[PDB]
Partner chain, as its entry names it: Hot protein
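In the form solved without its partner chain, a lone chain appears below as structure tokens.
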């Protein structure tokens, strides 16, 4: 199993641990088996209990009010782990999302091990950079390169981004 994943957050830090003090507000993950999308995905919006930074809002457009009635990371953590366990996670700039995931897992105080100890982690951005050195390798740049539709991506979304990356990664490794 390959799980193409993405997350949206309240923001990030430019110095020090990028996730410190921030929270995941959306998790989007899509399953790929034998190079085919299975359709069995994972998608949740989470209540951060903190405000979304303006810069972050400018990217995903997810309002603070929309998250008030959502589950907390603690409430979705078990099913989330059941879903990703043992798979190869494919993430564009993996260190970003993995950092946030392990951070949130650690706050649960359940002795949950690091994600890369129970999941294989593949950074699709590193893969793209290796294949296309000296070129633009953002997800949008890769969409144009592989003729993938990203017209509905004015604002970024975790599931939306994961789905697009899945198509891009399948083409990049096809």
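Positions refer to the first chain, counted from 1.
Compared with other deposited structures of the same protein, residue 10 does not meet the criterion of being unmodelled in at least one third, since all of those that resolve residues on both sides include it. In the comparison with other entries of the same protein, residue 154 is left without coordinates in at least one third of those covering both sides of it.
On average the C-alpha atoms of 67-75 have higher B-factors than those of the other stretch, with 67-75 and 100-108 being the two compared. In this entry, the higher average B-factor at the C-alpha atoms falls on 32-40, of the pair 130-138 and 32-40. The top Cα temperature factor in the record, among 119, 27, 125, 62, falls on 62. Ranked against the other modelled residues of its chain, the C-alpha B-factor of residue 154 as given in the entry falls in the highest third. Looking at the C-alpha B-factors along this chain, the one for residue 14 belongs to the highest third. Residue 171 sits in the highest third of its chain by CA B factor, as recorded in the PDB entry.
Below, we turn to the form deposited with its partner chain bound, even though it does not appear here.
The partner is absent here; in the deposited bound form, the one residue of 131, 141, 51, 107 having a heavy atom within 4.5 Å of its partner chain is 51. Stretch 53-61 is the answer when you ask which of 53-61, 142-150, 108-116, 123-131 has residues with heavy atoms within 4.5 Å of its partner chain in the deposited bound form. Taking non-hydrogen atoms only, residue 33 never approaches its partner chain to within 4.5 angstroms in the deposited bound form. Within 4.5 Å of any heavy atom of its partner chain in the deposited bound form lies no heavy atom of residue 86. Under a 4.5 angstroms non-hydrogen atom cutoff, its partner chain in the deposited bound form has residue 159 among its neighbouring residues. When its partner chain is considered in the deposited bound form, residue 76 lines it closely, a heavy atom lying within 4.5 Å. Using a 4.5 Å cut-off to its partner chain in the deposited bound form, each of 44, 65 and 68 places a heavy atom inside that distance.
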